[PDB]
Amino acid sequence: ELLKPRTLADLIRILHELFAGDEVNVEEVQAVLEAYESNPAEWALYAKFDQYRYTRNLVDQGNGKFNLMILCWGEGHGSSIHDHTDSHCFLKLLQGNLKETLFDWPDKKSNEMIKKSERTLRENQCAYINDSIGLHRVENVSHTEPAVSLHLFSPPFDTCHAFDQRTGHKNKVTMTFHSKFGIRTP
(Lines of atoms letter the chains of each structure in order from A and count residues from 1; the text may use other names and numbers.)
(Lines give C-alpha, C1' and ligand atoms only; values in the text may rest on other atoms or scores of the structure.)
Protein backbone atom coordinates (compact mmCIF):
# COMPACT_ATOMS: atom_id res chain seq x y z
CA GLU A 1 0.00 0.00 0.00
CA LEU A 2 1.51 3.29 -1.17
CA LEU A 3 1.30 6.18 1.29
CA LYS A 4 2.70 9.68 0.93
CA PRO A 5 6.18 9.87 2.39
CA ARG A 6 6.13 12.49 5.16
CA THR A 7 9.85 13.11 5.20
CA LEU A 8 12.99 11.86 3.48
CA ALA A 9 13.48 9.34 6.30
CA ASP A 10 9.92 8.12 5.74
CA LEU A 11 10.59 7.84 2.01
CA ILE A 12 13.67 5.73 2.70
CA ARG A 13 11.64 3.43 4.95
CA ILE A 14 9.01 3.07 2.24
CA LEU A 15 11.66 2.31 -0.38
CA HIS A 16 13.04 -0.49 1.78
CA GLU A 17 9.55 -2.02 1.68
CA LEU A 18 9.16 -1.53 -2.09
CA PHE A 19 12.50 -3.22 -2.74
CA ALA A 20 11.96 -6.04 -0.22
CA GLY A 21 11.40 -8.49 -3.09
CA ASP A 22 13.31 -9.40 -6.24
CA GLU A 23 11.45 -7.33 -8.77
CA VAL A 24 10.61 -3.63 -9.05
CA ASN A 25 7.24 -2.00 -9.61
CA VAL A 26 8.53 1.03 -11.47
CA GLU A 27 5.27 2.95 -11.48
CA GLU A 28 4.84 2.55 -7.71
CA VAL A 29 8.42 3.57 -6.96
CA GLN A 30 8.16 6.57 -9.26
CA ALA A 31 4.85 7.54 -7.65
CA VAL A 32 6.19 7.47 -4.09
CA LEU A 33 9.29 9.40 -5.11
CA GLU A 34 7.13 12.01 -6.78
CA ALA A 35 4.87 12.16 -3.71
CA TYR A 36 7.71 13.11 -1.35
CA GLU A 37 7.67 16.89 -1.19
CA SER A 38 11.27 18.00 -1.15
CA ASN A 39 12.20 19.56 2.18
CA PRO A 40 15.68 21.10 1.95
CA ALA A 41 16.37 20.84 5.69
CA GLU A 42 15.99 17.05 5.48
CA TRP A 43 18.68 16.63 2.83
CA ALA A 44 21.05 19.55 3.48
CA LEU A 45 23.50 17.08 5.01
CA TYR A 46 23.91 15.32 1.67
CA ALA A 47 23.91 18.36 -0.57
CA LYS A 48 27.65 18.82 -0.87
CA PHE A 49 28.60 20.74 -3.99
CA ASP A 50 31.85 21.01 -5.88
CA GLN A 51 32.72 24.16 -7.79
CA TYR A 52 33.73 22.42 -11.00
CA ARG A 53 31.39 19.46 -11.53
CA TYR A 54 28.39 17.70 -10.17
CA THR A 55 28.79 15.49 -7.12
CA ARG A 56 27.31 12.16 -6.06
CA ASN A 57 26.39 11.86 -2.40
CA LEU A 58 25.28 8.51 -1.05
CA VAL A 59 22.22 8.72 1.18
CA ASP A 60 21.20 5.09 1.74
CA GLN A 61 22.63 1.76 0.62
CA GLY A 62 19.26 0.11 0.52
CA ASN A 63 18.80 -3.51 1.29
CA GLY A 64 21.35 -4.86 -1.14
CA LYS A 65 18.89 -4.20 -3.94
CA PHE A 66 19.24 -0.39 -4.44
CA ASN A 67 21.49 2.74 -4.09
CA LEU A 68 19.94 6.09 -3.12
CA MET A 69 22.03 9.20 -3.65
CA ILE A 70 21.80 12.93 -4.05
CA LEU A 71 23.47 14.65 -6.97
CA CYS A 72 24.39 18.33 -6.69
CA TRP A 73 24.70 20.32 -9.88
CA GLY A 74 26.29 23.72 -9.89
CA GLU A 75 25.23 26.21 -12.53
CA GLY A 76 26.14 24.80 -15.93
CA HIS A 77 27.13 21.37 -14.57
CA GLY A 78 26.06 18.35 -16.53
CA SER A 79 26.69 14.69 -17.12
CA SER A 80 27.96 12.64 -19.98
CA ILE A 81 25.60 10.81 -22.26
CA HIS A 82 25.40 7.56 -20.33
CA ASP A 83 23.71 4.23 -19.76
CA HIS A 84 22.63 2.66 -16.45
CA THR A 85 24.33 -0.74 -16.43
CA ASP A 86 21.22 -2.89 -16.71
CA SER A 87 19.68 -1.14 -13.72
CA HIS A 88 16.62 0.97 -13.05
CA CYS A 89 17.23 4.67 -12.64
CA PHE A 90 14.78 7.01 -10.93
CA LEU A 91 15.65 10.70 -10.83
CA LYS A 92 13.64 13.08 -8.64
CA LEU A 93 14.27 16.81 -8.55
CA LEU A 94 14.77 18.17 -5.05
CA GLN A 95 15.75 21.72 -6.06
CA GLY A 96 16.00 23.57 -9.36
CA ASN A 97 15.55 22.19 -12.86
CA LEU A 98 17.46 19.75 -15.01
CA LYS A 99 17.41 19.21 -18.74
CA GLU A 100 17.23 15.55 -19.72
CA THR A 101 18.23 14.74 -23.30
CA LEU A 102 17.40 11.28 -24.61
CA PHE A 103 19.52 9.34 -27.08
CA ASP A 104 19.14 5.98 -28.76
CA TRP A 105 21.80 3.31 -28.42
CA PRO A 106 24.34 3.92 -31.19
CA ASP A 107 24.95 1.56 -34.07
CA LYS A 108 28.38 -0.02 -34.55
CA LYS A 109 29.03 2.58 -37.26
CA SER A 110 30.71 5.77 -36.06
CA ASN A 111 28.11 8.52 -36.32
CA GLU A 112 26.85 11.63 -34.58
CA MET A 113 24.46 10.79 -31.77
CA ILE A 114 21.34 12.80 -32.54
CA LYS A 115 19.05 13.55 -29.63
CA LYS A 116 15.66 11.83 -29.71
CA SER A 117 14.03 14.37 -27.45
CA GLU A 118 14.60 16.59 -24.49
CA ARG A 119 12.64 17.77 -21.53
CA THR A 120 12.87 19.96 -18.52
CA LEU A 121 12.56 18.14 -15.24
CA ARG A 122 11.14 20.45 -12.60
CA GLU A 123 11.17 20.54 -8.81
CA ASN A 124 9.60 17.43 -7.26
CA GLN A 125 9.14 15.64 -10.59
CA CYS A 126 10.46 12.07 -10.88
CA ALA A 127 11.81 10.72 -14.17
CA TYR A 128 12.68 7.12 -14.96
CA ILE A 129 15.11 5.53 -17.37
CA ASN A 130 16.60 2.15 -18.10
CA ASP A 131 18.78 0.80 -20.89
CA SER A 132 15.73 -0.57 -22.75
CA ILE A 133 14.45 3.00 -23.07
CA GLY A 134 17.78 4.47 -24.10
CA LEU A 135 20.60 6.69 -22.95
CA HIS A 136 20.48 10.17 -21.50
CA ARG A 137 22.37 13.26 -20.58
CA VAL A 138 21.31 15.33 -17.57
CA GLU A 139 22.32 19.00 -17.30
CA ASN A 140 21.78 21.97 -15.10
CA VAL A 141 21.58 24.62 -17.78
CA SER A 142 20.74 27.37 -15.30
CA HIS A 143 23.16 30.27 -14.98
CA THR A 144 21.84 31.26 -11.56
CA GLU A 145 20.32 28.26 -9.73
CA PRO A 146 22.07 25.13 -8.48
CA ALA A 147 20.06 21.93 -8.84
CA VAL A 148 19.78 18.97 -6.51
CA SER A 149 18.37 15.59 -7.51
CA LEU A 150 17.63 12.33 -5.73
CA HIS A 151 18.63 9.24 -7.69
CA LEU A 152 17.63 5.66 -6.98
CA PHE A 153 19.46 2.88 -8.76
CA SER A 154 18.43 -0.75 -8.62
CA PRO A 155 20.45 -2.88 -8.50
CA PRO A 156 23.27 -0.63 -7.29
CA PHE A 157 26.08 -0.06 -9.76
CA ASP A 158 29.27 1.96 -9.68
CA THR A 159 30.32 1.81 -13.31
CA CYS A 160 28.63 2.86 -16.51
CA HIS A 161 29.54 4.01 -20.01
CA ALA A 162 29.98 7.52 -21.28
CA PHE A 163 29.21 8.00 -24.97
CA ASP A 164 30.98 10.36 -27.35
CA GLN A 165 28.24 12.42 -28.97
CA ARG A 166 30.40 12.80 -32.10
CA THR A 167 30.78 9.04 -32.78
CA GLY A 168 28.68 6.90 -30.45
CA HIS A 169 31.84 5.33 -29.08
CA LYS A 170 31.63 4.37 -25.43
CA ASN A 171 34.09 4.26 -22.57
CA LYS A 172 33.67 2.66 -19.17
CA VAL A 173 33.63 5.10 -16.27
CA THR A 174 33.84 4.31 -12.57
CA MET A 175 31.62 6.58 -10.54
CA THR A 176 32.90 7.97 -7.28
CA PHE A 177 31.05 9.13 -4.20
CA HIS A 178 31.79 12.66 -3.05
CA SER A 179 30.27 11.77 0.30
CA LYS A 180 28.55 8.90 2.05
CA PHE A 181 25.94 9.33 4.75
CA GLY A 182 26.87 13.01 5.08
CA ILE A 183 30.60 12.33 5.41
CA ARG A 184 32.96 13.69 2.78
CA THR A 185 34.84 10.79 1.24
CA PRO A 186 37.94 12.09 -0.64
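Heads up: residue numbers just count along the shown sequence, starting at 1.
Inset, instruction - Can you let me know which of the two, 108-116 or 77-85, has the higher average C-alpha B-factor in the entry? - result: Result of the comparison: 108-116.
Inset, instruction - Taking the mean of the C-alpha B-factors per stretch from the entry, tell me the winner out of 14-22 and 166-174. - result: The stretch with the larger mean CA B-factor is 166-174.
Legend entry - Largest Cα B-factor, entry values, listed residues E145, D158, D60, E37: Spelled out: the listed residue with the top C-alpha B-factor is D158.
Legend entry - Peak C-alpha temperature factor (PDB record), options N67, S149, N130, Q30: Answer, based on the entry's C-alpha B-factors: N67.
Legend entry - Entry-reported Cα temperature factor of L2, expressed as the chain third it lands in: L2: CA B-factor falls in the highest third of its chain.
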